[PDB]
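**Student:** Dropping in final_33.txt, with compact mmCIF, N, CA and C atoms.
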# COMPACT_ATOMS: atom_id res chain seq x y z
N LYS A 6 0.82 -1.21 0.00
CA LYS A 6 0.00 0.00 0.00
C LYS A 6 0.86 1.27 0.00
N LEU A 7 0.70 2.04 -1.07
CA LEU A 7 1.41 3.32 -1.16
C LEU A 7 0.99 4.13 0.07
N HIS A 8 1.84 5.02 0.55
CA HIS A 8 1.37 5.96 1.58
C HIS A 8 1.99 7.34 1.32
N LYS A 9 1.29 8.35 1.82
CA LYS A 9 1.68 9.75 1.67
C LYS A 9 2.56 10.14 2.84
N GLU A 10 3.57 10.97 2.60
CA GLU A 10 4.37 11.56 3.62
C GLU A 10 4.40 13.09 3.40
N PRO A 11 4.55 13.77 4.51
CA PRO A 11 4.57 15.24 4.41
C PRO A 11 5.85 15.72 3.80
N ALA A 12 5.75 16.88 3.15
CA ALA A 12 6.97 17.54 2.70
C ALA A 12 6.72 19.05 2.68
N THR A 13 7.76 19.84 2.51
CA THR A 13 7.57 21.30 2.51
C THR A 13 8.11 21.92 1.25
N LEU A 14 7.33 22.81 0.62
CA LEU A 14 7.85 23.37 -0.63
C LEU A 14 9.13 24.16 -0.41
N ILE A 15 10.06 23.96 -1.33
CA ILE A 15 11.22 24.83 -1.34
C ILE A 15 11.04 25.73 -2.56
N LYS A 16 11.00 25.15 -3.75
CA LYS A 16 10.87 25.90 -4.99
C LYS A 16 10.26 25.14 -6.13
N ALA A 17 9.28 25.69 -6.86
CA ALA A 17 8.88 24.98 -8.08
C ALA A 17 9.90 25.25 -9.17
N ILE A 18 10.30 24.23 -9.93
CA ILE A 18 11.34 24.48 -10.92
C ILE A 18 10.84 24.46 -12.35
N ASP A 19 9.86 23.62 -12.65
CA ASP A 19 9.36 23.46 -14.01
C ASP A 19 7.98 22.83 -13.89
N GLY A 20 7.34 22.55 -15.00
CA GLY A 20 5.99 21.96 -14.88
C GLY A 20 6.08 20.58 -14.25
N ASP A 21 7.21 19.90 -14.46
CA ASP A 21 7.34 18.50 -14.05
C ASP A 21 8.34 18.29 -12.90
N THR A 22 8.87 19.34 -12.33
CA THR A 22 9.91 19.28 -11.31
C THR A 22 9.71 20.31 -10.22
N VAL A 23 9.77 19.85 -8.99
CA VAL A 23 9.65 20.70 -7.81
C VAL A 23 10.72 20.28 -6.79
N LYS A 24 11.29 21.25 -6.10
CA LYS A 24 12.22 21.03 -5.01
C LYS A 24 11.49 21.07 -3.69
N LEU A 25 11.60 20.05 -2.86
CA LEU A 25 10.89 19.95 -1.60
C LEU A 25 11.88 19.66 -0.47
N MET A 26 11.51 20.02 0.75
CA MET A 26 12.22 19.53 1.93
C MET A 26 11.53 18.23 2.33
N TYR A 27 12.26 17.12 2.27
CA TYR A 27 11.65 15.83 2.57
C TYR A 27 12.47 15.12 3.64
N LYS A 28 11.86 14.79 4.75
CA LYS A 28 12.54 14.21 5.90
C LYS A 28 13.78 15.01 6.29
N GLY A 29 13.65 16.32 6.32
CA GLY A 29 14.72 17.20 6.69
C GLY A 29 15.74 17.51 5.63
N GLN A 30 15.59 16.99 4.41
CA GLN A 30 16.57 17.21 3.35
C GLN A 30 16.00 17.88 2.10
N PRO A 31 16.71 18.81 1.49
CA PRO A 31 16.22 19.39 0.24
C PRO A 31 16.41 18.32 -0.83
N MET A 32 15.39 18.13 -1.65
CA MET A 32 15.51 17.10 -2.70
C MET A 32 14.75 17.57 -3.92
N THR A 33 15.22 17.28 -5.11
CA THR A 33 14.44 17.59 -6.31
C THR A 33 13.53 16.42 -6.65
N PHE A 34 12.26 16.65 -6.93
CA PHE A 34 11.29 15.63 -7.25
C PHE A 34 10.88 15.78 -8.71
N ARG A 35 10.88 14.66 -9.42
CA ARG A 35 10.34 14.63 -10.78
C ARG A 35 8.93 14.06 -10.67
N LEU A 36 7.91 14.61 -11.30
CA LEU A 36 6.59 14.02 -11.10
C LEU A 36 6.43 12.70 -11.86
N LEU A 37 6.09 11.60 -11.21
CA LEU A 37 5.89 10.33 -11.91
C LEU A 37 4.81 10.34 -12.98
N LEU A 38 5.03 9.71 -14.11
CA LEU A 38 4.08 9.25 -15.11
C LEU A 38 3.62 10.38 -16.01
N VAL A 39 4.21 11.56 -15.83
CA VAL A 39 3.75 12.58 -16.79
C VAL A 39 4.88 13.32 -17.47
N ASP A 40 4.62 13.76 -18.69
CA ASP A 40 5.53 14.63 -19.37
C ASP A 40 4.86 15.97 -19.67
N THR A 41 5.43 17.03 -19.13
CA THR A 41 4.96 18.36 -19.48
C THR A 41 5.84 19.00 -20.54
N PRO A 42 5.31 19.96 -21.28
CA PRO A 42 6.24 20.74 -22.13
C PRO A 42 7.19 21.41 -21.15
N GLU A 43 8.44 21.64 -21.50
CA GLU A 43 9.37 22.25 -20.55
C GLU A 43 9.85 23.64 -20.99
N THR A 44 10.29 24.39 -19.98
CA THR A 44 10.85 25.71 -20.12
C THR A 44 12.38 25.61 -20.19
N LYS A 45 12.87 24.65 -19.42
CA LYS A 45 14.27 24.29 -19.36
C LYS A 45 14.46 22.94 -20.05
N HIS A 46 14.33 22.93 -21.38
CA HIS A 46 14.49 21.67 -22.09
C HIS A 46 15.94 21.50 -22.56
N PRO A 47 16.47 20.33 -22.22
CA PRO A 47 17.84 19.95 -22.56
C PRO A 47 18.19 20.33 -24.00
N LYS A 48 17.23 20.11 -24.89
CA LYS A 48 17.44 20.32 -26.32
C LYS A 48 16.66 21.50 -26.88
N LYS A 49 15.34 21.42 -26.87
CA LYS A 49 14.55 22.46 -27.54
C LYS A 49 14.59 23.80 -26.82
N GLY A 50 14.28 23.82 -25.52
CA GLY A 50 14.30 25.07 -24.77
C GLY A 50 13.01 25.38 -24.04
N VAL A 51 12.25 26.35 -24.55
CA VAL A 51 10.95 26.76 -24.05
C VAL A 51 9.85 26.29 -25.01
N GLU A 52 9.37 25.06 -24.85
CA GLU A 52 8.32 24.58 -25.75
C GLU A 52 6.95 25.18 -25.47
N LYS A 53 6.03 24.96 -26.40
CA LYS A 53 4.65 25.39 -26.36
C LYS A 53 3.85 24.77 -25.22
N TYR A 54 3.26 25.60 -24.37
CA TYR A 54 2.51 25.23 -23.18
C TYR A 54 3.47 25.01 -22.00
N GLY A 55 4.77 25.14 -22.25
CA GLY A 55 5.79 25.03 -21.22
C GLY A 55 5.58 26.03 -20.11
N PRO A 56 5.59 27.32 -20.44
CA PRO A 56 5.36 28.32 -19.39
C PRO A 56 4.04 28.09 -18.67
N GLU A 57 3.04 27.67 -19.46
CA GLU A 57 1.74 27.44 -18.84
C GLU A 57 1.72 26.24 -17.90
N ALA A 58 2.40 25.17 -18.32
CA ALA A 58 2.44 23.98 -17.44
C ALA A 58 3.18 24.36 -16.18
N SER A 59 4.24 25.15 -16.42
CA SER A 59 5.09 25.49 -15.28
C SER A 59 4.37 26.46 -14.37
N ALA A 60 3.53 27.36 -14.89
CA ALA A 60 2.82 28.23 -13.93
C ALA A 60 1.77 27.48 -13.13
N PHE A 61 1.15 26.49 -13.77
CA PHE A 61 0.09 25.70 -13.13
C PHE A 61 0.69 24.94 -11.96
N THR A 62 1.81 24.24 -12.15
CA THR A 62 2.42 23.49 -11.03
C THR A 62 2.83 24.41 -9.90
N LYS A 63 3.51 25.50 -10.25
CA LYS A 63 3.93 26.53 -9.31
C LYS A 63 2.77 27.03 -8.45
N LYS A 64 1.70 27.46 -9.13
CA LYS A 64 0.57 27.99 -8.34
C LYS A 64 -0.04 26.96 -7.43
N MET A 65 -0.12 25.76 -8.00
CA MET A 65 -0.78 24.72 -7.21
C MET A 65 0.03 24.39 -5.99
N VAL A 66 1.36 24.34 -6.12
CA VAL A 66 2.09 23.97 -4.88
C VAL A 66 2.32 25.16 -3.96
N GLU A 67 2.43 26.33 -4.57
CA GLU A 67 2.70 27.50 -3.72
C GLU A 67 1.50 27.88 -2.87
N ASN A 68 0.30 27.61 -3.36
CA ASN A 68 -0.91 28.02 -2.65
C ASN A 68 -1.50 26.92 -1.78
N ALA A 69 -0.78 25.83 -1.57
CA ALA A 69 -1.29 24.70 -0.79
C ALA A 69 -1.04 24.89 0.70
N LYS A 70 -1.94 24.40 1.53
CA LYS A 70 -1.65 24.35 2.95
C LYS A 70 -0.73 23.16 3.27
N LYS A 71 -0.99 22.03 2.61
CA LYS A 71 -0.23 20.81 2.89
C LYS A 71 0.30 20.19 1.60
N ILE A 72 1.57 19.84 1.54
CA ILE A 72 2.12 19.07 0.39
C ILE A 72 2.48 17.67 0.89
N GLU A 73 2.12 16.66 0.09
CA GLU A 73 2.45 15.30 0.53
C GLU A 73 3.13 14.61 -0.65
N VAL A 74 4.06 13.68 -0.40
CA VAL A 74 4.66 12.98 -1.53
C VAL A 74 4.25 11.52 -1.36
N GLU A 75 4.08 10.85 -2.50
CA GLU A 75 3.74 9.43 -2.47
C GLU A 75 4.70 8.68 -3.40
N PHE A 76 5.63 7.91 -2.84
CA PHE A 76 6.46 7.08 -3.72
C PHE A 76 5.64 5.90 -4.27
N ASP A 77 6.02 5.35 -5.42
CA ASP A 77 5.39 4.16 -5.98
C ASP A 77 6.16 2.90 -5.51
N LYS A 78 5.91 1.74 -6.09
CA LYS A 78 6.48 0.49 -5.57
C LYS A 78 7.86 0.14 -6.10
N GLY A 79 8.40 0.86 -7.07
CA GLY A 79 9.65 0.52 -7.73
C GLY A 79 10.71 1.51 -7.26
N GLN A 80 11.66 1.84 -8.12
CA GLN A 80 12.74 2.74 -7.78
C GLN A 80 12.22 4.11 -7.33
N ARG A 81 12.82 4.65 -6.30
CA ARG A 81 12.33 5.95 -5.81
C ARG A 81 13.16 7.13 -6.30
N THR A 82 14.29 6.89 -6.97
CA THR A 82 15.05 8.02 -7.54
C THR A 82 15.43 7.73 -8.97
N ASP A 83 15.70 8.74 -9.79
CA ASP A 83 16.10 8.40 -11.16
C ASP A 83 17.62 8.55 -11.25
N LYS A 84 18.14 8.51 -12.47
CA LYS A 84 19.62 8.53 -12.60
C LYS A 84 20.19 9.91 -12.30
N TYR A 85 19.37 10.96 -12.19
CA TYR A 85 19.88 12.28 -11.85
C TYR A 85 19.72 12.57 -10.37
N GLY A 86 19.21 11.58 -9.63
CA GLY A 86 19.16 11.79 -8.17
C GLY A 86 17.84 12.42 -7.77
N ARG A 87 16.96 12.56 -8.77
CA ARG A 87 15.64 13.10 -8.42
C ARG A 87 14.65 12.08 -7.86
N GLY A 88 13.92 12.44 -6.81
CA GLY A 88 12.84 11.61 -6.28
C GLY A 88 11.78 11.37 -7.33
N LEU A 89 11.21 10.18 -7.42
CA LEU A 89 10.16 9.85 -8.37
C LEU A 89 8.86 9.65 -7.60
N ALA A 90 7.89 10.58 -7.77
CA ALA A 90 6.78 10.49 -6.81
C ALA A 90 5.47 11.09 -7.34
N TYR A 91 4.38 10.72 -6.72
CA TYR A 91 3.12 11.45 -6.98
C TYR A 91 3.10 12.55 -5.93
N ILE A 92 2.78 13.77 -6.34
CA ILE A 92 2.83 14.89 -5.40
C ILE A 92 1.38 15.39 -5.17
N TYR A 93 0.98 15.61 -3.93
CA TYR A 93 -0.39 16.04 -3.62
C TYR A 93 -0.39 17.44 -3.00
N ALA A 94 -1.25 18.34 -3.47
CA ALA A 94 -1.39 19.70 -2.91
C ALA A 94 -2.77 19.73 -2.27
N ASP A 95 -2.87 19.86 -0.96
CA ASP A 95 -4.16 19.73 -0.27
C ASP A 95 -5.00 18.55 -0.70
N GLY A 96 -4.43 17.34 -0.77
CA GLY A 96 -5.26 16.21 -1.15
C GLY A 96 -5.41 16.01 -2.64
N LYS A 97 -5.02 16.92 -3.51
CA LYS A 97 -5.24 16.82 -4.94
C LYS A 97 -3.93 16.44 -5.65
N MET A 98 -3.95 15.39 -6.45
CA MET A 98 -2.66 14.99 -7.06
C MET A 98 -2.27 15.96 -8.16
N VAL A 99 -1.07 16.55 -8.06
CA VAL A 99 -0.62 17.50 -9.08
C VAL A 99 -0.44 16.83 -10.42
N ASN A 100 0.04 15.57 -10.34
CA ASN A 100 0.28 14.90 -11.62
C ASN A 100 -1.00 14.74 -12.44
N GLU A 101 -2.05 14.37 -11.70
CA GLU A 101 -3.36 14.17 -12.37
C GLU A 101 -3.90 15.52 -12.83
N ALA A 102 -3.77 16.56 -11.99
CA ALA A 102 -4.36 17.86 -12.37
C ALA A 102 -3.78 18.33 -13.67
N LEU A 103 -2.45 18.18 -13.86
CA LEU A 103 -1.84 18.61 -15.13
C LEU A 103 -2.42 17.91 -16.35
N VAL A 104 -2.57 16.59 -16.22
CA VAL A 104 -3.03 15.78 -17.34
C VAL A 104 -4.50 16.10 -17.61
N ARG A 105 -5.26 16.28 -16.53
CA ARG A 105 -6.69 16.63 -16.69
C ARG A 105 -6.88 17.95 -17.44
N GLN A 106 -5.98 18.89 -17.31
CA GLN A 106 -6.01 20.21 -17.94
C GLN A 106 -5.39 20.28 -19.34
N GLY A 107 -4.91 19.16 -19.85
CA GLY A 107 -4.24 19.12 -21.14
C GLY A 107 -2.91 19.83 -21.06
N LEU A 108 -2.28 19.78 -19.87
CA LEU A 108 -0.99 20.46 -19.76
C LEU A 108 0.15 19.45 -19.59
N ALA A 109 -0.18 18.17 -19.72
CA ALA A 109 0.85 17.13 -19.68
C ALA A 109 0.29 15.92 -20.40
N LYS A 110 1.15 15.09 -20.94
CA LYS A 110 0.83 13.77 -21.46
C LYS A 110 1.26 12.68 -20.49
N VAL A 111 0.62 11.52 -20.55
CA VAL A 111 1.00 10.40 -19.70
C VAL A 111 2.33 9.90 -20.30
N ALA A 112 3.35 9.72 -19.51
CA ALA A 112 4.71 9.41 -19.96
C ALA A 112 4.81 7.99 -20.46
N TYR A 113 5.96 7.59 -21.01
CA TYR A 113 6.12 6.15 -21.29
C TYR A 113 6.22 5.41 -19.97
N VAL A 114 5.53 4.29 -19.76
CA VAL A 114 5.51 3.77 -18.39
C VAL A 114 6.52 2.67 -18.12
N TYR A 115 7.08 2.67 -16.91
CA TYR A 115 8.02 1.63 -16.50
C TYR A 115 7.53 0.93 -15.24
N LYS A 116 7.08 -0.32 -15.41
CA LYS A 116 6.67 -1.13 -14.26
C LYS A 116 7.88 -1.43 -13.38
N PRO A 117 7.70 -1.54 -12.07
CA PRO A 117 6.40 -1.44 -11.45
C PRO A 117 6.08 -0.02 -10.97
N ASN A 118 6.68 1.02 -11.55
CA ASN A 118 6.26 2.35 -11.08
C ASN A 118 5.08 2.79 -11.94
N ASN A 119 3.93 2.15 -11.67
CA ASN A 119 2.81 2.52 -12.55
C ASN A 119 1.49 2.33 -11.82
N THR A 120 1.50 2.48 -10.51
CA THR A 120 0.23 2.31 -9.77
C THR A 120 -0.86 3.24 -10.25
N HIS A 121 -0.65 4.53 -10.48
CA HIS A 121 -1.79 5.35 -10.92
C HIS A 121 -1.88 5.48 -12.42
N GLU A 122 -1.33 4.54 -13.19
CA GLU A 122 -1.34 4.71 -14.63
C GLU A 122 -2.73 4.79 -15.27
N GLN A 123 -3.62 3.86 -14.91
CA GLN A 123 -4.94 3.83 -15.56
C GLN A 123 -5.78 5.06 -15.23
N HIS A 124 -5.68 5.52 -13.98
CA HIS A 124 -6.34 6.76 -13.58
C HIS A 124 -5.87 7.97 -14.37
N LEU A 125 -4.56 8.14 -14.54
CA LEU A 125 -4.04 9.22 -15.35
C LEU A 125 -4.48 9.11 -16.79
N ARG A 126 -4.46 7.87 -17.30
CA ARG A 126 -4.84 7.73 -18.70
C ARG A 126 -6.32 8.06 -18.92
N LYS A 127 -7.12 7.83 -17.90
CA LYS A 127 -8.54 8.24 -18.02
C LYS A 127 -8.66 9.76 -18.04
N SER A 128 -7.89 10.45 -17.20
CA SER A 128 -7.96 11.92 -17.28
C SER A 128 -7.42 12.43 -18.59
N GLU A 129 -6.38 11.76 -19.10
CA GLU A 129 -5.83 12.23 -20.37
C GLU A 129 -6.86 12.07 -21.50
N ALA A 130 -7.57 10.96 -21.45
CA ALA A 130 -8.59 10.77 -22.50
C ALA A 130 -9.68 11.84 -22.44
N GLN A 131 -10.03 12.27 -21.23
CA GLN A 131 -11.04 13.35 -21.09
C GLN A 131 -10.49 14.66 -21.58
N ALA A 132 -9.23 14.98 -21.22
CA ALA A 132 -8.69 16.25 -21.71
C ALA A 132 -8.55 16.22 -23.23
N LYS A 133 -8.31 15.04 -23.81
CA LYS A 133 -8.20 15.02 -25.26
C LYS A 133 -9.58 15.25 -25.88
N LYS A 134 -10.55 14.56 -25.30
CA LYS A 134 -11.91 14.68 -25.85
C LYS A 134 -12.42 16.09 -25.64
N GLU A 135 -11.94 16.77 -24.59
CA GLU A 135 -12.33 18.16 -24.40
C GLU A 135 -11.42 19.10 -25.20
N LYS A 136 -10.44 18.57 -25.91
CA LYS A 136 -9.47 19.35 -26.69
C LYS A 136 -8.86 20.50 -25.94
N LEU A 137 -8.35 20.22 -24.74
CA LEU A 137 -7.77 21.25 -23.90
C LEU A 137 -6.27 21.44 -24.16
N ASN A 138 -5.81 22.67 -24.25
CA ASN A 138 -4.41 23.08 -24.26
C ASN A 138 -3.57 22.31 -25.25
N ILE A 139 -2.73 21.38 -24.79
CA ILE A 139 -1.94 20.54 -25.68
C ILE A 139 -2.81 19.87 -26.74
N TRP A 140 -4.04 19.56 -26.36
CA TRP A 140 -4.92 18.82 -27.25
C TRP A 140 -5.83 19.71 -28.09
N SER A 141 -5.57 21.01 -28.10
CA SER A 141 -6.45 21.96 -28.77
C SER A 141 -6.14 22.05 -30.26
Go ahead and express the file in the form of structure tokens.

**Tutor:**
Amino acid sequence: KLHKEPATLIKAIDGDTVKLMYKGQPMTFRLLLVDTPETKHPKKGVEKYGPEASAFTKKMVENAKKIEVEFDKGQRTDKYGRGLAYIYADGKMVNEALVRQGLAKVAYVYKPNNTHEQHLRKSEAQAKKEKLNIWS
């Protein structure tokens, strides 16, 4: 059973990356299972909907009373040392909110880090059918 743990915002970095204080340590978190357009893209740079995805994540975490992180059942960090997690702002999953708004796509999935995959894919299908943002 996945469980939530408290964390404290340090800084939002991009639509898909936030820095948190977790168990007393500053750590960079990559949001599991989603890909947002990025502002800091290794190759392209500032893609379309990038600033928008990044403002959405920022606002959502900055205006929360409580931030919680939820690790999945597989690896908890990636090769860059970033935490891999579902992030919740007052009970609401940020990863899902992005996809529901057409501001992220469901990423390529790697088992067993895929507990909320079907739920995200259902929100993605609704945002596509609603032709929101990325899907417009």

**Student:** Excluding stretch 117-125 of chain A and residues on its chain fewer than 4 positions from it, collect all residues at most 12 Å away from it, counting only C-alpha atoms, and give them as a PyMOL selection string.

**Tutor:** chain A and resi 6-8+36-40+75-83+89-92+98-107+109-113+129-132

**Student:** Can you work out the spacing between atom C of residue A:74 and atom CA of residue A:61 in Å, to one decimal?

**Tutor:**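 Between these atoms lies a distance of 18.9 Å.
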
**Student:** Put the listed atoms of stretch 128-141 of chain A in a box along x, y and z with 3 Å added on every side and give me the centre and edge lengths in Å to one decimal, as JSON.

**Tutor:**
{"center_x": -7.2, "center_y": 16.8, "center_z": -23.7, "size_x": 16.5, "size_y": 18.6, "size_z": 19.1}

**Student:** Taking into account only C-alpha atoms, which residue in the set A:64, A:18, A:133, A:70 is nearest to residue A:45?

**Tutor:** A:18

**Student:** Identify which of the residues A:93, A:35, A:9, A:42 lies closest to residue A:57, counting all atoms listed in the file when measuring atom-to-atom distances.

**Tutor:**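 Of the candidates, the smallest distance to residue A:57 is held by A:42.
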
**Student:** Rounded to one decimal in Å, what is the spacing between atom N of residue A:43 and atom N of residue A:55?

**Tutor:** 5.1 Å

**Student:** Any idea what the distance is between atom CA of residue A:94 and atom CA of residue A:72?

**Tutor:**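 That distance, rounded to one decimal, is 4.9 Å.
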
**Student:** If you run DSSP over the backbone, which residues in stretch 7-98 of chain A end up strand (DSSP E or B)? Put them as a ChimeraX atom specification.

**Tutor:** /A:9-19,22-27,30-36,39-40,72-76,82,88-94,97-98

**Student:** Here is a test: counting all atoms listed in the file, which residue of A:48, A:134, A:71, A:127 is nearest to residue A:11?

**Tutor:**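 Nearest to residue A:11: A:71.
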
**Student:** Which is closer to residue A:33 than all the others in A:87, A:108, A:97, A:139, using only N, CA and C atoms?

**Tutor:**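 Nearest candidate to residue A:33 out of A:87, A:108, A:97, A:139: A:87.
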
**Student:** Counting only C-alpha atoms, which residues have an atom no more than 12 Å from (15.8, 15.6, 3.2) in the file's coordinates? Please list them as a list in words.

**Tutor:**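 The answer, in the requested form, is residues 11, 12, 13, 14, 15, 24, 25, 26, 27, 28, 29, 30, 31, 32, 33, 34, 87 and 88 of chain A.
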
**Student:** Please identify which residues in chain A DSSP calls helix (DSSP H, G or I) from the backbone, and express them as a ChimeraX atom specification.

**Tutor:** /A:55-67,99-105,122-134,138-140
